[PDB]
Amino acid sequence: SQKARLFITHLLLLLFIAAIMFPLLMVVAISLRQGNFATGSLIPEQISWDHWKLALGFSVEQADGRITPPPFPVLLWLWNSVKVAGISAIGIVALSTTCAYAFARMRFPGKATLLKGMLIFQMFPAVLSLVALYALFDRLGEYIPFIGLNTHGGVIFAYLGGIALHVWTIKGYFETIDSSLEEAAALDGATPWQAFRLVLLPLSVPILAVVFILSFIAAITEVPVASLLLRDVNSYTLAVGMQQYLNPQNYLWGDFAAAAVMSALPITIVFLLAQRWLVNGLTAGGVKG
């Protein structure tokens, strides 16, 4: 019977992957089609490498014979995205983990209220959020310019406030870990910091990966806030940079699609690297019961 389920699973997964990959293959197709066209065959009739050439830093020899150098530094935009998403992801993990630990293991007044509040206030549709943020970062810039307008620090600093859900997520996971491990830690003389760092985090490593992954993705794909704070072309992230390809009456689809595909590269890599922390059985053998 176990052979029957496995083959069926393989069959249904492949069919399911085929379906969900189809839209993405059409994006890849757009990026290899000559000119800028949103529709066409899966394998484009007229193939072109120019969209990728320009995206990768290559100049292009076009019909009339003159050389077209790359209008934009796409790879630099990609690096900027990795930097902003990477540093902000670390910051978010570090901030929400410590928060979670308190909520999950410590007594203090208005704790239930704070968690209700964190959840509820992040649900607010702040339609005028950009107006508020611009004003904050404009003033902040006069005093700490390292985190003001037109800085990566600023973009990163802005993302560090999006932790409420991550705090709930990590909290919940901490609560699956039997507390006697930390109790025994305490009796061995461990401070709450030491029990947190040396006992709990090592066993919580799967959810730390989840939070890093979710935060990286969020940051790599973010437009409005980065677009609002970043001014200089050489500081743009990729998500902001590729907005240059969109105009009121037409889109440079080919260039935009190639940018969209490049943006999936750092995410795929981080997802792969994150798997070493996604392991079962971390608590096995600790607690009888």
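Numbers follow the displayed sequence, beginning with 1.
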If you average the CA temperature factors as listed in the entry, which stretch comes out higher, 39 to 47 or 242 to 250? 39 to 47
Assert higher mean C-alpha B factor (4 to 12 or 280 to 288, deposited values) equals 4 to 12
By the entry's C-alpha temperature factors, tell me which of 73, 117, 154, 206 sits highest. 117
By the CA temperature factor listed in this entry, which of these ranks top: 169, 98, 129, 80? 129
Sorting by Cα B-factor within the chain, modelled residues only, which third would residue 259 end up in: lowest, middle or highest? lowest
Among the modelled residues of this chain, does the Cα B factor of residue 58 put it in the lowest, middle or highest third? highest
In terms of its chain's C-alpha B-factors, the third that includes residue 237 is the lowest
Assigned third (lowest, middle, highest) for the C-alpha B factor of residue 20: middle
Using the temperature factors of the C-alpha atoms in this entry, rank residue 113 within its chain: lowest, middle or highest third. highest
